Structure formats: C-alpha cells, structure tokens
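Single chain ahead, written as structure tokens, the form deposited in one PDB entry.
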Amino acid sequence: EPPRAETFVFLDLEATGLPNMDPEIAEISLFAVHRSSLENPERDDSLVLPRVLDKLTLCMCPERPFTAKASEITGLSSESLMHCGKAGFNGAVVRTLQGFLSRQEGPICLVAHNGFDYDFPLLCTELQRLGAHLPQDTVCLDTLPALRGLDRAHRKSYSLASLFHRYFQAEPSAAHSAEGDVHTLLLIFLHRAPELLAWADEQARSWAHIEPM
C-alpha cells in the first residue's frame, strides 16, 4: 500500500524531556542509506556500515532548558549548547534538513526507534512551527512495534540497548547521543533488514498522517 522507498533515513532526536513536557529538540542526527545497501549488507568476517552513507548531525539550543533526567542522559544542557554558539530550531535547521533530504533518492522512509510516540510527532511539531513540509511521498517506520510484531509471528525488552545486546552480544556506544543512537539503530536494522524492509513495504505510515505533538 505505501510507496516503495528508495532511501531509508534513520534518525534520532535528543530533546529536553518527555512528550507531555513540551520538549524542544536539542540534537538531531540522520543517517541516509539507499535501499540496495540494506538489501545486501556488507560483512567483513560481522556487519560493516555501507560505504555510501550521507550523514547529518545538528545541535541546537532549546528555548526551554533541559530536565535533570534528560540532561544527564544526553550529556547536553541549554548552557552547554549556548556556550558552543548553537541557535534554536530555526529556518537554518529547516534549510539544512530539506537540503539533506533532497540529496536522497525518493521516496524516503524515515526510521526511528519509538518514532510514532516521540521522534516523528516532535519533529512534526518543530517543522510545522516553522511552516515547513517534507516531500509528499515521505513515509515512516517505527522499529519498536515492527520488531515486537515480527517476534510475535515466531516479556523481552525492546529498548535500543536491549536489542543491540541481544543481536550483537555487546554494549552500544555512544548511547544517548543522537548520532550514536542512529548508529546503533542502523546496526539493529541491518541484522533484521529483510524482515524490516518487508515491514516497511506494507506497514510504513505516510508522514502526512503524523500529527504534531
């Protein structure tokens, strides 16, 4: 039913708190990977990331300061980002993100762990706030209900750390940083690429159907 995506843009967000705290994006990271790299993963002797990998990471000072929980987790604070001269989520962010996505062969499928409940509606809120739009044929995939569902067909924790520890028998790094989490998500995805690509070809939700937080 959804359009067959050609590029999968894995993304992750660090923000100032949980959804009902009206959180602001402090960090966003995106790894763009063409479908063909996911269909036929490279392995040295273990998974290695695709050679052709467009990447974007941007830090931003939120207008609302962090929570203690969020700050210690992400290793970021409103003061820290200001000190490094980062402005908030503004037109410059939109122009860079839109440019980055236009560099990708469409249709695009955004991928995020627990995206339906957090990343997607938060990004939508920020984009809508600036009256910005994504390409019309853009869809999105939440690997959280997707992985749970795929396992039903065959109690376990489905946190990003639990999954990585389960598939690769090791600890992820650098956790709770936007770029680090996308890196972790991409490896997890690669480990289950055929099933997840299949999931996306059917269950991927239209970005237009994502409502602001």
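Shifts are known only where both forms have a C-alpha. The first residue of the sequence shown is number 1, and the count goes up from there. What we label the rigid core is the largest C-alpha set whose atoms superpose within 1.5 Å from one form to the other.
In all of the other compared structures of this protein with flanking residues present, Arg64 is modelled, so it falls below the one-third mark for missing coordinates. Residue-level annotation: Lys55 has coordinates in all of the other entries compared, counting only those that model residues on either side of it, so it never reaches the one-third mark. Going from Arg51 to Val52, you skip over nothing: the modelled chain follows the deposited sequence without a break.
In this entry, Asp45 is separated from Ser46 by 1 to 3 residues of the deposited sequence that have no coordinates. Relative to its counterpart among 90-98 and 128-136, 128-136 has the higher mean temperature factor, C-alpha atoms as listed in the PDB entry. Averaged over Cα atoms, the B-factor as recorded in the entry is higher for 59-67 than for the other of 59-67 and 27-35. Take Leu185, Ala174, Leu144, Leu163 and read off each C-alpha B-factor from the entry; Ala174 has the highest. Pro41 sits in the highest third of its chain by CA B factor, as recorded in the PDB entry. Per the deposited record, the Cα B-factor of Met213 falls in the highest third when ranked against the other modelled residues of its chain. When the modelled residues of the chain are ordered by their C-alpha B factor, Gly115 lands in the lowest third.
When the modelled residues of the chain are ordered by C-alpha B-factor, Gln104 sits in the lowest third. The entry lists a Cα temperature factor for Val9 that places it in the lowest third of the chain's modelled residues.
Only in words, not in the display: the form deposited in another entry, which the text now covers.
In a core superposition between this form and the one not shown, the Cα of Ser173 is the only one among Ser173, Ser36, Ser162, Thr57 shifting by 2 Å or more. For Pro19, a C-alpha deviation of 2 angstroms or more is recorded between this form and the one not shown after rigid-core alignment. Listed in sequence order, the shifted runs between this form and the one not shown are 17-22, 173-176, counting only residues present in both forms whose C-alphas move 2 Å or more over at least three consecutive positions once the core is aligned.
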